[PDB]
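J.: Structure below; questions to follow.
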Amino acid sequence: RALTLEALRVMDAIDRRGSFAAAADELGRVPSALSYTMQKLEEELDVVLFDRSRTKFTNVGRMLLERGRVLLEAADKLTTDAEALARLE
Amino acid sequence: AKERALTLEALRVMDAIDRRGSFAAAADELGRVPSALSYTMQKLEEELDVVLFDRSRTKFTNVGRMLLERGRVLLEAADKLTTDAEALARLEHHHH
Ligand SMILES: [Cl-]
């Protein structure tokens, strides 16, 4: 869909690094790749997620940012757990 | 927060293969050609260095099954977050 783990990762990196350009540096992509992801999410959910000026998240943007970090942690834990089992097989 | 091989879409492919019983029927459900589902599965195997399906009917490996089952928990939480975000947007009378 447009809510992807990558979109949540983009949102997390923009919050942490402060801007599209700094977040794109972290993720190793060109900035337009990050804005494209965010445009598709904003258009699907039909809401503004943040305003750049550092970056300020909207109320809906902050809920996706904060609850999305819980999902990212769970995805990393699942990845870790599956690889650990795989080494035993 | 940066293990990027696993996607929710790959988990949804996994769920459809389990529910429908074959790559062919799952691909039919998802509106894709069956080899597109094979590619998504095999690219994840290669990125994670795991094997998801038994190589001796379509059967998940023990590793594939842990991703399938615990991945459904992730899918439910992603749907819940989508619903909650949409509900907040409505109470705020979001712009279209
Ligand atoms: Cl947070």
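So the sequence lines, in the order shown, correspond to chains V and W. The opening position of the first sequence corresponds to residue 328 in the numbering used here, with each subsequent residue numbered one higher. The opening position of the second sequence corresponds to residue -4 in the numbering used here, with each subsequent residue numbered one higher. Think of the CB as a built atom: it goes at the ideal place given N, C-alpha and C, for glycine as much as any other residue.
1) Check whether the Cβ of residue 396 (chain V) sits closer than 7 Å to any heavy atom of ligand 1, and report yes or no.
2) Using a C-beta to C-beta distance shorter than 7 Å, which residues of chain V count as neighbours of residue 66 (chain W)?
3) From which residue to which residue does the alpha helix (DSSP H) around residue 23 (chain W) run?
4) Given the structure, does residue 400 (chain V) come close to ligand 1, in the sense that its CB is under 7 Å from one of the ligand's heavy atoms?
5) If distances are taken between C-alpha atoms only, which option among V:342, V:331, V:360 comes closest to residue 385 (chain V)?
6) So, helix, strand or coil for residue 79 (chain W), using DSSP?
7) Quick check: residue 10 (chain W) and residue 76 (chain W), are their CB atoms within less than 8 Å of each other?
8) Using a Cβ-Cβ distance under 8 Å, would residue 50 (chain W) count as near chain V?
9) Residue 2 (chain W) versus chain V: which residues are under 8 Å apart at the beta carbon?
10) Give a single yes or no on whether residue 393 (chain V) has its beta carbon closer than 7 Å to a heavy atom of ligand 1.
11) If you draw a straight line from the alpha carbon of residue 409 (chain V) to that of residue 375 (chain V), how long is it in whole angstroms?
12) Are the C-beta of residue 337 (chain V) and some C-beta of chain W separated by less than 8 Å?
13) Who are the Cβ neighbours of residue 48 (chain W) in its own chain at under 8 Å, not counting the five residues just before and after it?
14) So which of V:396, V:328, V:371, V:373 has the shortest CA-CA distance to residue 337 (chain V)?
15) Would you say residue 349 (chain V) and residue 357 (chain V) are within 8 Å of each other, going by their C-beta atoms?
T.: With the given structure in hand:
1) Taking the first sequence and counting its residues from 1, one reaches residue 396 (chain V) at position 69. Residue 396 (chain V) Cβ: within cutoff of ligand 1.
2) Here residue 66 (chain W) is taken as the residue at index 71 of the second sequence, counted from 1. Contact note: residue 66 (chain W) reaches chain V through 405, using a C-beta cutoff of 7 Å and chain order.
3) For the purposes of this step, residue 23 (chain W) is identified with residue 28 of the second sequence, where counting begins at 1. Segment 18 to 25, the alpha helix (DSSP H) holding residue 23 (chain W).
4) Taking the first residue of the first sequence as position 1, residue 400 (chain V) is located at position 73. Residue 400 (chain V) Cβ: outside cutoff for every heavy atom of ligand 1.
5) Within the first sequence, residue 385 (chain V) is the residue found at index 58, counting from 1. When only C-alpha atoms are compared, the closest one is V:342.
6) The residue labelled residue 79 (chain W) in the question sits at position 84 within the second sequence. Helix at residue 79 (chain W).
7) Here residue 10 (chain W) refers to the residue found at position 15 when the second sequence is read from its first residue. Here residue 76 (chain W) refers to the residue found at position 81 when the second sequence is read from its first residue. No; because the gap between Cβ atoms is not below 8 Å, this pair is not in contact.
8) As a working mapping, residue 50 (chain W) is identified with position 55 in the second sequence. No, residue 50 (chain W) lies away from the interface with chain V (no Cβ there is under 8 Å from its Cβ).
9) As a first step, residue 2 (chain W) must be located in the second sequence, where it is residue number 7. Result: 331, 332, 333.
10) What you label residue 393 (chain V) is simply residue 66 of the first sequence in a count that begins at 1. True, at least one ligand heavy atom lies under 7 Å from that Cβ.
11) For this step, residue 409 (chain V) is matched to residue 82 along the first sequence. For this step, residue 375 (chain V) is matched to residue 48 along the first sequence. Rounded to the nearest angstrom, the gap between the Cα atoms of residue 409 (chain V) and residue 375 (chain V) is 36 Å.
12) Locating residue 337 (chain V) in the first sequence gives position 10, where the first residue counts as 1. Not one chain W Cβ lies under 8 Å of residue 337 (chain V).
13) Your numbering for residue 48 (chain W) matches position 53 in the second sequence. 36, 54, 55, 56, 59, listed in sequence order.
14) Numbered from its first residue, the first sequence carries residue 337 (chain V) at position 10. Of V:396, V:328, V:371, V:373, the residue nearest in Cα terms is V:396.
15) Along the first sequence, read from residue 1 onward, the residue named residue 349 (chain V) stands at position 22. Along the first sequence, read from residue 1 onward, the residue named residue 357 (chain V) stands at position 30. Taking 8 Å as the Cβ cut-off, residue 349 (chain V) and residue 357 (chain V) do not qualify as a contacting pair.
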